[PDB]
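Take a look at the structure set out below.
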Amino acid sequence: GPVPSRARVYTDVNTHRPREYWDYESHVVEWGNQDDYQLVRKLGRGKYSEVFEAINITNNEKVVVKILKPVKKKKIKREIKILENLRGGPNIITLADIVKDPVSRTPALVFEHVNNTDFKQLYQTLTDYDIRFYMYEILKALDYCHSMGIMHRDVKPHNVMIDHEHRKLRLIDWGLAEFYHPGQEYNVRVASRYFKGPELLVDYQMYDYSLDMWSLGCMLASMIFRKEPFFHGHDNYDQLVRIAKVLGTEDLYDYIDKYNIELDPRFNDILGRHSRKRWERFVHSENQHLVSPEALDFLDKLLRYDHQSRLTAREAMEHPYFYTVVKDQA
Ligand SMILES: O=C(CCC(=O)NCCc1ccc(Cl)c(Cl)c1)/N=C/CCNc1nc2cc(C(=O)O)ccc2c2cnccc12
């Protein structure tokens, strides 16, 4: 059997709270009425939801309405409770209302509107400073929700809204977020393939906040190297292969042995043997301007098989990669 694991920060925060903080199944919801919101236009279709720009008719404030696709009432109360618990935190999207369409009785969430920006020209005029500033802002959100006993489990660029005009960032879509409890075994069929931590890929269920830190490193690798996504896996098994060809296999089979993780028999004959690559082999003329020694050192310390040895969000925010960003904020 697999060796147990504990988060090495914020391990017990939820045990210390009243049970109603994390026992979301018994959370009572006060379902509002839509019609206070006229849908303006559709902003996106996800697997679990559709998102619309809408107008609150009472005061004309721009707003966003996420119409939840049929899931277990559990998953809805989870997202609501986590949103309610994180309300007011740095760079957490604000849940404004909880409504139900009066005829369909379908649940919907009403969020603050964010004037997010043309990521097309955003990715072109992206500076080394830009990437450091917004990475720091994400870490603010990550460190806060981890400190509140909450894993996001779906960190990825589509879930980061930037209002580049106002230098504002919001971490959104908390529908896969979970309360961390020491010793709990989680589903690994969460997040998007290209951002899954190896713990998800090898089926290690006793993971923790450090899962978000892996995804964040995937976002970081993808941007500084101008390669989206950075690990481009054909499927969930070929994803570990793509990681193995970069991080090497020696650390992989040590991670496996260290947690007595039983590996799938698909895996034996597809991983093979690979050396840990030096990051310089991903630098080239069209991305030098974003790569620095500090960037590479920070990236290396996020992309580790062992989740325990990844930096915490707080540790990350003290890395030399962010020294100038920290200065300007004072
Ligand atoms: O645009 C996007 C993707 C944006 C993007 O590529 N970023 C780049 C990542 C990045 C870039 C540079 C750097 Cl340097 C770094 Cl680090 C990261 N995704 C939005 C879809 C629908 N739009 C909305 N979706 C919501 C959902 C929820 C929810 O489900 O909770 C609540 C509220 C909203 C919402 C609120 N107001 C306006 C629009 C929306």
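Values below: all heavy atoms of this structure, side chains included; hydrogens, waters and symmetry mates excluded. Residue numbers run from 1 in the order of the sequence given.
- Panel note: side chain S222, backbone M219; no donor-acceptor pair is recorded below 3.5 Å.
- For the residue pair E165 / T117, no side-chain donor-acceptor distance below 3.5 Å is found, with atom types taken as modelled.
- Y21 meets the ring-ring contact (aromatic ring centres under 6.0 Å, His included) test with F179; sequence neighbours excluded.
- Taking the six-membered ring for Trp and the full ring otherwise, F282 and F230 have centroids separated by under 6.0 Å.
- The environment of CD in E262 is sparse: at most 12 heavy-atom neighbours from other residues, nucleotides or ligands sit within 6.0 Å.
- For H232, the ring-ring contact (aromatic ring centres under 6.0 Å, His included) partners are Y194, not counting sequence neighbours.
- Scored by the side-chain hydrogen bond (donor to acceptor under 3.5 Å, both in side chains) test, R310 finds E199 as partners (sequence neighbours excluded).
- The aromatic rings of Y255 and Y305 lie parallel to each other, their planes meeting at an angle below 30°, with 60° marking the opposite boundary.
- Judged by distance alone, with hydrogens and angles left aside, the side-chain atoms of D212 form a donor-acceptor pair with the main-chain N or O of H152 at under 3.5 Å.
- Under the salt bridge (charged side-chain N to carboxylate O under 4.0 Å, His left out) criterion, the residue pairs touching residues 7-17 are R8-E315, with sequence neighbours excluded.
- With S215 contributing its side chain and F195 its backbone, the two residues share a donor-acceptor pair below 3.5 Å.
- Here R276 does not pair with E250 in a salt bridge; the nearest charged N to carboxylate O distance is not below 4.0 Å.
- Counting non-hydrogen atoms of other residues, nucleotides and ligands closer than 6.0 Å to CD of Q38 gives a total of 12 or fewer.
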Evaluate the criterion side-chain hydrogen bond (donor to acceptor under 3.5 Å, both in side chains) for residue pair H166 and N115; output intermediate values, then yes/no. CA-CA 9 Å; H166 298 61; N115 272 131; over 6 Å; no
Side chains of residues 321-330: which donor-acceptor partners sit under 3.5 Å, not counting sequence neighbours?
residue, atom, partner, partner atom, Å
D328, OD2, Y129, OH, 2.5
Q329, OE1, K140, NZ, 2.9
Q329, NE2, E137, OE2, 3.2

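- Here the rule is side-chain contact (heavy atoms from CB on, under 4.5 Å) with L271, and of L252, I243, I256 only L252 fits it.
- When each of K168, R170, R87 is paired with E112, the salt bridge (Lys or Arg N to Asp or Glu O under 4.0 Å) condition holds for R170 and for no other.
- Side-chain atoms of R153 and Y207 include a donor-acceptor pair closer than 3.5 Å.
- A side-chain contact (heavy atoms from CB on, under 4.5 Å) with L95 is found for exactly one of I93, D97, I98, namely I98.
- Considering only residues two or more places apart in sequence or on other chains, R6 meets the side-chain hydrogen bond (donor to acceptor under 3.5 Å, both in side chains) condition with none of them.
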